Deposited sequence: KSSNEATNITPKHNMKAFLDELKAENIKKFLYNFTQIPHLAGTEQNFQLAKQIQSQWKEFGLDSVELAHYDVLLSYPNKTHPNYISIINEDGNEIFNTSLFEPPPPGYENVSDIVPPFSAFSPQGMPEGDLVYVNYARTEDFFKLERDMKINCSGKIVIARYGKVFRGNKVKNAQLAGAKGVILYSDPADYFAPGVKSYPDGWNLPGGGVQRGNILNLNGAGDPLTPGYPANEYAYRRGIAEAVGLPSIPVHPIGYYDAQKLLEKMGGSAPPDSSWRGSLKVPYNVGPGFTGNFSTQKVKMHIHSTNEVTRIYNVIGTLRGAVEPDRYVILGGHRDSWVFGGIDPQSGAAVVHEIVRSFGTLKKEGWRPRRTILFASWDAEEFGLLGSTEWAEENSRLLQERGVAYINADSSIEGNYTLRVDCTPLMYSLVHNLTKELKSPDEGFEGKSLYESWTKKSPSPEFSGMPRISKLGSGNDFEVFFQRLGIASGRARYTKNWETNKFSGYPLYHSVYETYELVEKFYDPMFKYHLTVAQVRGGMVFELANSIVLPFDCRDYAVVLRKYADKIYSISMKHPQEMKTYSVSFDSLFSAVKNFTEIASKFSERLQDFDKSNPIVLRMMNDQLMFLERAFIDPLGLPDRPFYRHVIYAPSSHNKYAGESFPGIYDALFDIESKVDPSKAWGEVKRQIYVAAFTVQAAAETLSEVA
């Protein structure tokens, strides 16, 4: 029979291995010839795997690259202007890859050019609270200083925005062993830790969902009208560069001025972690000088779009998407995900060649330029937004399949919670000590829900990956799954070799998943979810799960507000409307659920309830967007204004409440709280009403 089990059993660990090896022998940087040739290989193979159509969709977008003949570096300069210390021009390439060309040296994509000279201030992780501590508590002024911050905790783009708003004239990012060196593990190539010469690449934009900086709202097609660079969205205004911890030690060891304010500001190097500004007495006349010569350039990018036409509802689209572009070899990020997508396509294609077709259309995507700001997925969705909003059932992301080997990690819309629970109960756990047990059992055991015993943790979607346009702009139900580490026993940030040259096939095969069994399990979870979304007669969404989280989020935003009881009295700040809307949502969702369970080969009633299910995510979109963030349109979920990676619930209210006690005009600020309460209450009630009887 042609059922989910036939699909899942066709998936092979050994095929994933082969594809990963194939995808990671050379660098595939967005906008380079090698990434175009890999796109053409993916297109050809998806066609031979059996998809009905596979096309390239290309766009011309702003990318950023270092100058090959004028390298970026940082110096300590003396009184006279001599450069007495210079940071590295490249990461020591891994064993066997020392003759690979076209390895892009470490840089901060989209840095402006500059040669700023000045005194260092150390700002910890450069979080919002870190700058609060510096400015308000320690009375340190960053204006005209170069700030040095450790990577970790938050998106680097938020660090740069925070530094900018504090008046820094440049930013140095570095990897502290406290955050990127797990105790007892060796450095690559003998272990999975970051060595001292290793450096994390990454973009430092603040795009807030805009896509290509030059064409917000519209696809960067052949006749697109582009903003000039001065009006581009999201570019930083001060130079930025990343370094490793051998270099960082040399910049930090001479720091003077104030002591760190507590141990949460000290990493693991043998330095005092003084905050500055500037160096101690003997070296006080020495300065730091940045040399940045990267250029921004409009460059062609290529997405691969494959289509498996639905037999019954070809106008309903389930999308499996992940990126192809990498910073260097991309052994984890993204090729451990793309290898998995490639095997999923192969499996669906073998069913297709035996005569099967899914009920709904499945679209497969190999996105380009994700590393430069989610540009490929965003421009494609801008191009096709009318199709996606009227026909998009769901979007399943497929970047890195592993960042650890401990247990499963799922972030998704509440609408997919029951789907995930049910699917993981039918899959085998790959974990040692859980032979013959379900993935649900092992996952639940190692990652319990904080709210309910006997269930596993499923997190909110944040951002920093290609589902952003589909979920937060367009309101299509979205989700992601991968294998992860134990975040309890280990206090380091993501995985140590993230965005480094050392992220290789060998990293994965030697130290993460030698049997490719974790990969295979992630393929079954992603593949399984897509199968169920594309094939179940009733869409596998449970509106009642949204009702439960909405109450949780309402309670949580109310508790933030109730830190300010006097102001709530003075300004008549009531959450009554939001709680009322949530109660109504609960009631209506419960009655909808009964109709769904109880409605006869009547395809119109079915479709009309599949359309109610599909448009429920869509109902939380506000076409006016959030304040000063027009492309974040979902009212329940947005990326945190302080950390793009983290999701925030009732973001409009959260941001109106944040730091409200430091606003100069409290009537005005509490007015905007009330406004946002009204917006949320209205939108929740409106979402609820899409599930009432239609007439």
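- Stretches of the deposited sequence left without coordinates are 1-11, 611, in sequence order.
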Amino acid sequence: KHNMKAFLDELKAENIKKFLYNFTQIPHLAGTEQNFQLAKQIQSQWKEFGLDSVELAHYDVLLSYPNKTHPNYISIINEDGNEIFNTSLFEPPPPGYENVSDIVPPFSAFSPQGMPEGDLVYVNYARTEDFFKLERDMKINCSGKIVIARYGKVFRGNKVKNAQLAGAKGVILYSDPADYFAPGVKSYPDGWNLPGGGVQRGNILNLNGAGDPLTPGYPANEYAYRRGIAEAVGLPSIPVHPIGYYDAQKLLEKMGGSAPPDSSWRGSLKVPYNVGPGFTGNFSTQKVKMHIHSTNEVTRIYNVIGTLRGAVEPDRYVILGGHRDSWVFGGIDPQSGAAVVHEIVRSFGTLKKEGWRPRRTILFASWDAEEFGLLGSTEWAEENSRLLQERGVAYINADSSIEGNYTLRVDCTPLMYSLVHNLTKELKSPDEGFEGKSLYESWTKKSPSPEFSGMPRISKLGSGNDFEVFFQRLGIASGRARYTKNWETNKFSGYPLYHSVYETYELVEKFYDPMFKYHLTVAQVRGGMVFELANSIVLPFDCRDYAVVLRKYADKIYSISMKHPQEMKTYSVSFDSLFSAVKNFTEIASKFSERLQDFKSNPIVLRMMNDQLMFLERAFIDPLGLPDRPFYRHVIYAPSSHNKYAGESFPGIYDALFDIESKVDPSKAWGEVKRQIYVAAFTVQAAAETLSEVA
From here on, numbers count along this sequence of modelled residues.
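- In the comparison with other entries of the same protein, residue 600 is left without coordinates in at least one third of those covering both sides of it.
- Averaged over CA atoms, B-factors in the entry run higher in 31-39 than in the other of 31-39 and 648-656.
- Comparing 82-90 with 620-628, the higher mean C-alpha B-factor in the PDB entry belongs to 82-90.
- The maximum CA B-factor among the listed residues 231, 542, 468, 611, taken from the PDB record, is found at 231.
- Per the PDB entry, 486 shows the highest C-alpha temperature factor of the residues 389, 303, 486, 535.
- Residue 105 sits in the middle third of its chain by CA B factor, as recorded in the PDB entry.
- Sort the modelled residues of the chain by CA B factor and residue 692 lands in the middle third.
- Residue 54 sits in the middle third of its chain by CA B factor, as recorded in the PDB entry.
- For residue 379, the recorded CA B-factor ranks within the lowest third of the chain. Only modelled residues enter the ranking.
- Residue 356: CA B factor lies in the highest third for its chain, per the PDB record.
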